[PDB]
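What follows is one structure encoded as structure tokens, with my remarks underneath.
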Amino acid sequence: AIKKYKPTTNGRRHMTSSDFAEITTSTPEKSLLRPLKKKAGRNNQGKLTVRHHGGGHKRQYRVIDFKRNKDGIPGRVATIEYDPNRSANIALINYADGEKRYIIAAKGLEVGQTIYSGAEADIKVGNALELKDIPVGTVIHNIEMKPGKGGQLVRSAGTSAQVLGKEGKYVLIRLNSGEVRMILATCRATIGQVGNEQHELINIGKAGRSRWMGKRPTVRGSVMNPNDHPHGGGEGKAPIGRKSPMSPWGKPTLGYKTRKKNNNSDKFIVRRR
Amino acid sequence: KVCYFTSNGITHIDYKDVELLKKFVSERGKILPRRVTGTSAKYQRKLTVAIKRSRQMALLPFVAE
RNA sequence: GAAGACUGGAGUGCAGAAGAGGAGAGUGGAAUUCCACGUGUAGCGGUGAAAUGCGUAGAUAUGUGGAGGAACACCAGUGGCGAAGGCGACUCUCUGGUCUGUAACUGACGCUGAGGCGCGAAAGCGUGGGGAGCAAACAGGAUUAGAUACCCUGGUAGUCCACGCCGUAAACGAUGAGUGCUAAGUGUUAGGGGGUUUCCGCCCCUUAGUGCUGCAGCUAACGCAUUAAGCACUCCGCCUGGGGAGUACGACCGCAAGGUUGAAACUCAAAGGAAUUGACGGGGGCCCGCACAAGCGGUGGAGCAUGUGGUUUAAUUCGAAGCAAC
Ligand SMILES: [Mg+2]
Ligand SMILES: [Mg+2]
Ligand SMILES: [Mg+2]
Ligand SMILES: [Mg+2]
Ligand SMILES: [Mg+2]
Ligand SMILES: [Mg+2]
Ligand SMILES: [Mg+2]
Ligand SMILES: [Mg+2]
Ligand SMILES: [Mg+2]
Ligand SMILES: [Mg+2]
Ligand SMILES: [Mg+2]
Ligand SMILES: [Mg+2]
Ligand SMILES: [Mg+2]
Ligand SMILES: [Mg+2]
Ligand SMILES: [Mg+2]
Ligand SMILES: [Mg+2]
Ligand SMILES: [Mg+2]
Ligand SMILES: [Mg+2]
Ligand SMILES: [Mg+2]
Ligand SMILES: [Mg+2]
Ligand SMILES: [Mg+2]
Ligand SMILES: [Mg+2]
Ligand SMILES: [Mg+2]
Ligand SMILES: [Mg+2]
Ligand SMILES: [Mg+2]
Ligand SMILES: [Mg+2]
Ligand SMILES: [Mg+2]
Ligand SMILES: [Mg+2]
Ligand SMILES: [Mg+2]
Ligand SMILES: [Mg+2]
Ligand SMILES: [Mg+2]
Ligand SMILES: [Mg+2]
Ligand SMILES: [Mg+2]
Ligand SMILES: [Mg+2]
Ligand SMILES: [Mg+2]
Ligand SMILES: [Mg+2]
Ligand SMILES: [Mg+2]
Ligand SMILES: [Mg+2]
Ligand SMILES: [Mg+2]
Ligand SMILES: [Mg+2]
Ligand SMILES: [Mg+2]
Ligand SMILES: [Mg+2]
Ligand SMILES: [Mg+2]
Ligand SMILES: [Mg+2]
Ligand SMILES: [Mg+2]
């Protein structure tokens, strides 16, 4: 659920958090950990290209199975764990062989169940199927775009997509952002909504807690100097004395569409959000 | 008039006896009021539950024609 | 008051019956909406009239399939259940009460109940899901002298679900709970006993509910009348002319809106219930009249006589003002 804190201090007045009730264990699978290093938005050349990054708690990558290409082997759910590298939780799965892999824990997944991948798998939560085998109307996640690559499309916490109809070599799908998109029928997907549905209700409550996740302060352009931002300068507080609000590099920022006007995948999108 | 069930003494209305129930429905599957078939109140209630049960298992039509 | 005794009040046992009484978990079929794909062409919708609105990126219509939410057609009945609010699709689990017969058992164990504790339509509040129709606020088009409304097209909170608050209503039978006594007639719901009868069926007696009509009696009247507003006994709540006013102050409760308790100064000579006789209604029935219809012929058109208004003048003497002045 969501845990509230009593206002014993001013920095904990409105802070809320998760109770981590669905997490089973606390020790990761040592054979599936890889190191990460913070980049802080720094570039190939050492320059700062993306700002407001860097300086948080150190983490450790643990490899997730997005491909889901182990077919015909029953797999038992062992634990449900915590992954700092993503919003959703993850579930450790040990197949009958003795091979252990991580997946994205869907809603309703619990310890003791069994999941399958392939063409004979049932329409059940956690199973992975090719889109040509999934009946119309079901709720799916972890959609992949190119066959054999791995799931890319719907992966965040508490997100879902729905199959609308099949029309030949392609399949219509309404993505989480609300657009009807057309993708191949040989791609794979996983049935069910993604797990940690309550992630969006959390109140940070502190500036330091925001700093713990690796965020640096954001300075509004209106308090900068004329050579620093198009909004800068002016005696006293000044309004946006321009035709339109501007990004730090020009290029109006309020309503101005930035998608390329000659994109190749324009024909595979039916309607936009 | 005359209660059909009481006249013939039948005291158990069952949903499997699909041939009996079809007498008390209209040509469309609607149940008929007890002031047309003349059945007594205590047995109209039993009749209505049995028809609703057997409507569910495709033994009788919900709307027919 | 104390000690005994009893069974009719009260409760238990035994045998039967009916029920939208409650909570949880599943499931079903009609229909409005949306989506995908067939056919088809220029309309669709709406009103007292019209416009906004949707439609050639091809609708309304039509056939197939899918998604999702909400309410449960016929049965349905001054029928049923519940202490009140209230409860209508189907199945299962967990549960509360009630009625009839028996006379097996205890032997007054009963009634009412200030403070207290619980339940309590709809709106509304807090955290979070869900969102098909409907729709405060709102936007546009109409209507009107104006229209911050009724009408038309959309539309958010809300209506739905989980948990926690709120504590109110024309929460009404405008009728507190318990008990006994006091003519009849007739429907209906759930039972029991008996006569006739091969069953079927008709009749009589009886218990507990639910309606109608009526005597004694009661009432200001309307009306109530074995489901009393009749005749009596026990306990509880409330009233003492209208406004100020369910207001102010104090207190308790609430996240908030608010809820419960609750006056006085001042002011008026009335406020009020029921029934009667008229009058009126953009209430309803029936009858009549050159009132309409069926006719014949005029007026309004053109030219003049003529009365009124208007207007111009020193005066253009006064009175008439739809029908009912000209
Ligand atoms: Mg930033
Ligand atoms: Mg995480
Ligand atoms: Mg400065
Ligand atoms: Mg500049
Ligand atoms: Mg400036
Ligand atoms: Mg200045
Ligand atoms: Mg007794
Ligand atoms: Mg029930
Ligand atoms: Mg159509
Ligand atoms: Mg009752
Ligand atoms: Mg004895
Ligand atoms: Mg009591
Ligand atoms: Mg009290
Ligand atoms: Mg409500
Ligand atoms: Mg509407
Ligand atoms: Mg009250
Ligand atoms: Mg009521
Ligand atoms: Mg009553
Ligand atoms: Mg009252
Ligand atoms: Mg009274
Ligand atoms: Mg009294
Ligand atoms: Mg009394
Ligand atoms: Mg009595
Ligand atoms: Mg009495
Ligand atoms: Mg009776
Ligand atoms: Mg009798
Ligand atoms: Mg009863
Ligand atoms: Mg009676
Ligand atoms: Mg009296
Ligand atoms: Mg009467
Ligand atoms: Mg009596
Ligand atoms: Mg009564
Ligand atoms: Mg009285
Ligand atoms: Mg008093
Ligand atoms: Mg007074
Ligand atoms: Mg006074
Ligand atoms: Mg009167
Ligand atoms: Mg005429
Ligand atoms: Mg003629
Ligand atoms: Mg004529
Ligand atoms: Mg003529
Ligand atoms: Mg002439
Ligand atoms: Mg004159
Ligand atoms: Mg005059
Ligand atoms: Mg007149």
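Every read-out reported here was derived from the displayed coordinates using simple, explicitly stated rules and does not represent laboratory data. We place every Cβ from the backbone using ideal geometry, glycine too, and count neighbours over all the protein chains shown.
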_Placed amide H near A:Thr79: partners under 5 Å, 5+ positions off or other chain_ = A:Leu92
*Report the local net charge at A:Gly178: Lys and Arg +1, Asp and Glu -1, summed over other residues whose C-beta lies under 9 Å from its C-beta.*
+3
*asked:* Kirkwood hydrodynamic radius, computed over distinct alpha-carbon pairs, for segment A:1-139: how many Å, to one decimal?
replied: 18.2 Å
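Between A:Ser87 and A:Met213, what length in nm is gained on full extension when 0.36 nm per residue of separation is reduced by their alpha carbon distance?
Numbers: separation 126, 0.36 × 126 = 45.36 nm, distance 1.20 nm.
Answer, rounded to one decimal: 44.2 nm.
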_In whole Å, what are the extents of chain A along the principal axes defined by its C-alpha atoms, from largest to smallest?_
71, 53, 39
*Set of segment A:54-73 residues, backbone N closer than 15 Å to the point 7 Å along the Cα-Cβ line of A:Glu120*: A:70-73
*Pop a pseudo-label 7 angstrom from the Cα along the beta-carbon direction at both B:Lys52 and A:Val50 and give the gap in nm to one decimal.*
6.0 nm
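Quick one: length gained pulling A:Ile202 to A:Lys37 fully straight, 0.36 nm per residue minus the C-alpha distance?
56.7 nm
Give the calculated FRET efficiency between A:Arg259 and A:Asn227 to the nearest 0.05, with a Förster radius of 25 Å applied to their Cβ-Cβ distance.
Once the sixth-power term is evaluated, E becomes 0.20.
Once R0 is set to 51 Å, what does the formula 1/(1 + (r/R0)^6) return for the Cβ-Cβ distance between A:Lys3 and B:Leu59, expressed as a FRET efficiency to the nearest 0.05?
With a Förster radius of 51 Å, E is 0.40.
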*asked:* For the protein assembly as shown, what does the helix formula give at 222 nm: sum of -39500 (n - 2.57) over DSSP H segments with n ≥ 4, over the residue count, nearest 500 deg cm²/dmol?
replied: -2500 deg cm²/dmol
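Determine the relative contact order of chain A: mean sequence separation of Cα pairs under 8 Å and six or more apart, normalised by residue count, in whole percent. The partial results should precede the final answer.
Details: 537 pairs, mean separation 45.2, N = 273.
With pairs under 8 Å counted, the relative contact order is 17 percent.
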*What are the ³J(HN,Hα) values, in whole Hz, obtained from phi via the Karplus relation 6.51 cos²θ - 1.76 cosθ + 1.60 with θ = phi - 60°, for each residue of segment B:30-41 in sequence order, with x given for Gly and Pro?*
6, 6, 9, x, 5, 8, 10, 7, x, 5, 6, 5
*asked:* Suppose every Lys and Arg Cβ carries +1 and every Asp and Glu Cβ carries -1, with no other charges. What dipole size does chain B come out with about its Cα centre, to the nearest 20 debye?
replied: 320 debye
_Most mobile of B:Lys23, B:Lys52, B:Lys42 in a GNM of chain B (Cα contacts under 10 Å)_ = B:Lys42
*Of A:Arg68, A:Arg211, A:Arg42, which is the most mobile in a GNM of chain A whose springs link Cα atoms less than 10 angstrom apart?*
A:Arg42
_Inter-part distance where segment A:135-214 and segment A:222-273 are each reduced to a Cα centre, Å_ = 29 Å
*Past the 23 Å Cα-Cα mark, which pairs from A:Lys107/A:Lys146; A:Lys4/A:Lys30; A:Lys30/A:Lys70; A:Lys70/A:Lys166; A:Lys3/A:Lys30; A:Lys39/A:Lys149?*
A:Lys107/A:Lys146; A:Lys4/A:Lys30; A:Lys70/A:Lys166; A:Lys3/A:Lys30; A:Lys39/A:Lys149
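In terms of the Cα gyration tensor, with a ≥ b ≥ c the square roots of its eigenvalues, is segment A:87-183 rounded because a/c is under 1.5, prolate because a/b exceeds b/c, or oblate? Working shown, then result.
Values: a/c = 1.95, a/b = 1.52, b/c = 1.29.
Because a/c hits 1.5 or more and a/b exceeds b/c, segment A:87-183 counts as prolate.
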